[PDB]
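K.L.:
File protein24.tsv follows (TSV, C-alpha atoms):
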chain	number	residue	atom	x	y	z
A	1	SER	CA	75.26	-71.33	11.08
A	2	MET	CA	76.79	-67.90	10.16
A	3	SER	CA	75.27	-66.60	6.88
A	4	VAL	CA	73.45	-70.01	6.45
A	5	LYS	CA	69.77	-69.94	7.28
A	6	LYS	CA	66.80	-72.28	6.84
A	7	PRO	CA	63.94	-70.59	4.92
A	8	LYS	CA	61.93	-67.98	7.06
A	9	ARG	CA	58.67	-69.55	8.57
A	10	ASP	CA	55.99	-66.78	8.73
A	11	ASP	CA	55.51	-66.07	12.45
A	12	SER	CA	53.68	-62.71	11.95
A	13	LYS	CA	50.24	-64.21	12.89
A	14	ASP	CA	51.45	-66.23	15.92
A	15	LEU	CA	50.44	-63.59	18.50
A	16	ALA	CA	46.89	-63.46	17.17
A	17	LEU	CA	46.54	-67.14	16.76
A	18	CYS	CA	47.85	-67.92	20.37
A	19	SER	CA	45.30	-65.28	21.59
A	20	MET	CA	42.50	-67.16	19.81
A	21	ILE	CA	43.50	-70.48	21.22
A	22	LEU	CA	43.70	-68.94	24.71
A	23	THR	CA	40.13	-67.48	24.20
A	24	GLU	CA	38.85	-70.91	23.34
A	25	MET	CA	40.52	-72.37	26.46
A	26	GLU	CA	39.08	-69.53	28.58
A	27	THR	CA	35.54	-70.22	27.39
A	28	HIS	CA	35.61	-74.06	27.69
A	29	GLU	CA	33.22	-75.27	30.37
A	30	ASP	CA	35.98	-77.22	32.14
A	31	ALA	CA	38.30	-74.16	32.36
A	32	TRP	CA	37.02	-73.12	35.88
A	33	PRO	CA	39.92	-74.65	37.87
A	34	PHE	CA	42.42	-72.77	35.66
A	35	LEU	CA	40.92	-69.26	35.15
A	36	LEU	CA	42.68	-67.61	38.13
A	37	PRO	CA	45.79	-68.17	40.15
A	38	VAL	CA	45.41	-70.83	42.93
A	39	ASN	CA	44.95	-68.92	46.22
A	40	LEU	CA	48.23	-69.66	48.05
A	41	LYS	CA	46.90	-68.47	51.42
A	42	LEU	CA	43.84	-70.72	51.24
A	43	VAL	CA	45.12	-73.96	49.65
A	44	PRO	CA	47.39	-75.78	52.03
A	45	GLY	CA	50.40	-77.36	50.41
A	46	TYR	CA	50.23	-75.50	47.05
A	47	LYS	CA	52.92	-72.93	47.66
A	48	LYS	CA	55.56	-75.45	48.74
A	49	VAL	CA	54.76	-78.17	46.31
A	50	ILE	CA	54.06	-76.25	43.05
A	51	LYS	CA	57.23	-74.43	42.28
A	52	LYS	CA	55.91	-72.51	39.24
A	53	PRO	CA	52.15	-71.73	39.53
A	54	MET	CA	50.45	-70.86	36.22
A	55	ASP	CA	46.89	-70.08	35.20
A	56	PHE	CA	45.01	-68.71	32.13
A	57	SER	CA	44.68	-65.13	33.45
A	58	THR	CA	48.44	-64.97	34.05
A	59	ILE	CA	49.09	-66.38	30.53
A	60	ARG	CA	46.68	-63.79	29.16
A	61	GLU	CA	48.54	-60.88	30.89
A	62	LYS	CA	51.97	-62.23	29.76
A	63	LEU	CA	50.63	-62.54	26.17
A	64	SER	CA	49.11	-59.05	26.08
A	65	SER	CA	52.30	-57.43	27.38
A	66	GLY	CA	54.89	-59.12	25.10
A	67	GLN	CA	56.34	-61.42	27.64
A	68	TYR	CA	56.31	-64.50	25.28
A	69	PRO	CA	59.30	-64.32	22.99
A	70	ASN	CA	57.86	-66.98	20.69
A	71	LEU	CA	54.95	-69.47	20.32
A	72	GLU	CA	56.91	-72.27	22.10
A	73	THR	CA	57.29	-70.29	25.31
A	74	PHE	CA	53.49	-69.76	25.18
A	75	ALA	CA	52.83	-73.56	24.81
A	76	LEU	CA	55.20	-74.25	27.74
A	77	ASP	CA	53.08	-72.08	30.12
A	78	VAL	CA	49.85	-73.64	28.91
A	79	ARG	CA	51.33	-77.15	29.47
A	80	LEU	CA	52.64	-75.95	32.91
A	81	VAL	CA	49.04	-75.31	33.93
A	82	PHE	CA	48.13	-78.99	33.25
A	83	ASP	CA	51.33	-80.44	34.70
A	84	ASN	CA	50.70	-78.51	37.86
A	85	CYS	CA	47.14	-79.77	37.94
A	86	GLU	CA	48.32	-83.41	37.59
A	87	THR	CA	50.90	-82.92	40.34
A	88	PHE	CA	48.29	-81.71	42.89
A	89	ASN	CA	44.99	-83.42	41.92
A	90	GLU	CA	44.00	-87.08	41.79
A	91	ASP	CA	43.07	-88.29	38.26
A	92	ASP	CA	39.66	-89.35	39.68
A	93	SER	CA	38.50	-85.87	40.79
A	94	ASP	CA	36.56	-83.22	39.03
A	95	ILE	CA	39.64	-80.95	38.76
A	96	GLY	CA	41.88	-83.93	37.79
A	97	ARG	CA	39.54	-84.81	34.92
A	98	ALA	CA	39.17	-81.13	33.92
A	99	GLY	CA	42.91	-80.96	33.50
A	100	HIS	CA	43.12	-84.02	31.26
A	101	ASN	CA	40.25	-82.75	29.14
A	102	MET	CA	41.76	-79.24	28.74
A	103	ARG	CA	45.17	-80.58	27.86
A	104	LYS	CA	43.61	-82.74	25.10
A	105	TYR	CA	41.61	-79.81	23.85
A	106	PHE	CA	44.70	-77.56	23.80
A	107	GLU	CA	46.97	-80.06	22.07
A	108	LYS	CA	44.54	-80.57	19.21
A	109	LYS	CA	44.12	-76.85	18.61
A	110	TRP	CA	47.87	-76.47	18.79
A	111	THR	CA	48.47	-79.18	16.12
A	112	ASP	CA	45.67	-77.94	13.87
A	113	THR	CA	46.80	-74.36	14.05
A	114	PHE	CA	50.60	-74.74	13.77
A	115	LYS	CA	51.70	-78.32	12.54
Would you mind writing the file's structure down as structure tokens?
P.N.:
Amino acid sequence: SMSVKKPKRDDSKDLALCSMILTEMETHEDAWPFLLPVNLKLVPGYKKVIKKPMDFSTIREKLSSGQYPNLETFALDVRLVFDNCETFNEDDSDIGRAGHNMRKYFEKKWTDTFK
């Protein structure tokens, strides 16, 4: 509350560490469905169904240009990418399975880096 603060967690390395995580996601072999925005002209249904499209290149641009106010907003966009994938792709599909794998990969790095 006013003039009453919890001790200051060091957030000065967060930008760099989110960038490293994002590099590791970018270079994973199962990243291919997520590298670029879904082409809304060429993928019937995507525009109407997926209200907030997200992809790694878009996260990378937001990160590089100071559009994440804190590390939680960054994790929300990463998770958005996998939530979108689950919404549009059957679990038993290459892309469906890619999304599960990448989410697992992300969540571990997230825990090991920050918790």
K.L.:
At what distance in Å, to one decimal, does CA of residue 21 in chain A lie from CA of residue 107 in chain A?
P.N.:
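Answer for the CA of residue 107 in chain A to CA of residue 21 in chain A separation: 10.2 Å.
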K.L.:
Contacts of residue 20 in chain A at 12 Å or less, counting only C-alpha atoms, minus same-chain residues fewer than 6 places along, as an NGL selection string?
P.N.:
:A and (13-14 or 26-27 or 60 or 63 or 106 or 109-110 or 113)
K.L.:
Can you tell me, as a ChimeraX atom specification, what residues are no more than 8 Å from range 73-89 of chain A when counting all atoms listed in the file, ignoring any on the same chain fewer than 2 positions away?
P.N.:
/A:18,34,46,50,52-56,59,63,68-71,91,93,95-96,99-100,102-103
K.L.:
Would you export the selected residues with C-alpha atoms as a CSV table (one decimal), in the coordinates of the input, please?
P.N.:
chain,number,residue,atom,x,y,z
A,18,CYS,CA,47.8,-67.9,20.4
A,34,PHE,CA,42.4,-72.8,35.7
A,46,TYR,CA,50.2,-75.5,47.0
A,50,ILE,CA,54.1,-76.2,43.0
A,52,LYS,CA,55.9,-72.5,39.2
A,53,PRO,CA,52.2,-71.7,39.5
A,54,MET,CA,50.4,-70.9,36.2
A,55,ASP,CA,46.9,-70.1,35.2
A,56,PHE,CA,45.0,-68.7,32.1
A,59,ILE,CA,49.1,-66.4,30.5
A,63,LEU,CA,50.6,-62.5,26.2
A,68,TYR,CA,56.3,-64.5,25.3
A,69,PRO,CA,59.3,-64.3,23.0
A,70,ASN,CA,57.9,-67.0,20.7
A,71,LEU,CA,55.0,-69.5,20.3
A,91,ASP,CA,43.1,-88.3,38.3
A,93,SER,CA,38.5,-85.9,40.8
A,95,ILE,CA,39.6,-81.0,38.8
A,96,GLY,CA,41.9,-83.9,37.8
A,99,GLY,CA,42.9,-81.0,33.5
A,100,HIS,CA,43.1,-84.0,31.3
A,102,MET,CA,41.8,-79.2,28.7
A,103,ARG,CA,45.2,-80.6,27.9
K.L.:
Identify which of the residues A:30, A:72, A:61, A:94 lies closest to residue 114 in chain A, counting all atoms listed in the file when measuring atom-to-atom distances.
P.N.:
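Among the listed residues, the smallest separation from residue 114 in chain A belongs to A:72.
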K.L.:
For a test of reading the model, state the distance in Å between CA of residue 28 in chain A and CA of residue 111 in chain A, rounded to one decimal.
P.N.:
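Straight-line distance from CA of residue 28 in chain A to CA of residue 111 in chain A works out to 18.0 Å.
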K.L.:
Tell me, in Å to one decimal, how far CA of residue 90 in chain A is from CA of residue 41 in chain A.
P.N.:
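Interatomic distance here is 21.2 Å.
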K.L.:
Between A:10, A:2, A:29, A:19, which has the minimum distance to residue 98 in chain A (counting all atoms listed in the file)?
P.N.:
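Smallest distance to residue 98 in chain A is found for A:29.
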K.L.:
Got a sec: who's within 8 Å of residue 57 in chain A, counting all atoms listed in the file, leaving out chain neighbours fewer than 6 positions off, as a VMD selection string?
P.N.:
chain A and resid 35 to 37
K.L.:
Could you check which of A:32, A:105, A:43, A:112 is closest to residue 17 in chain A, using all atoms listed in the file?
P.N.:
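Residue with the minimum atom-to-atom distance to residue 17 in chain A: A:112.
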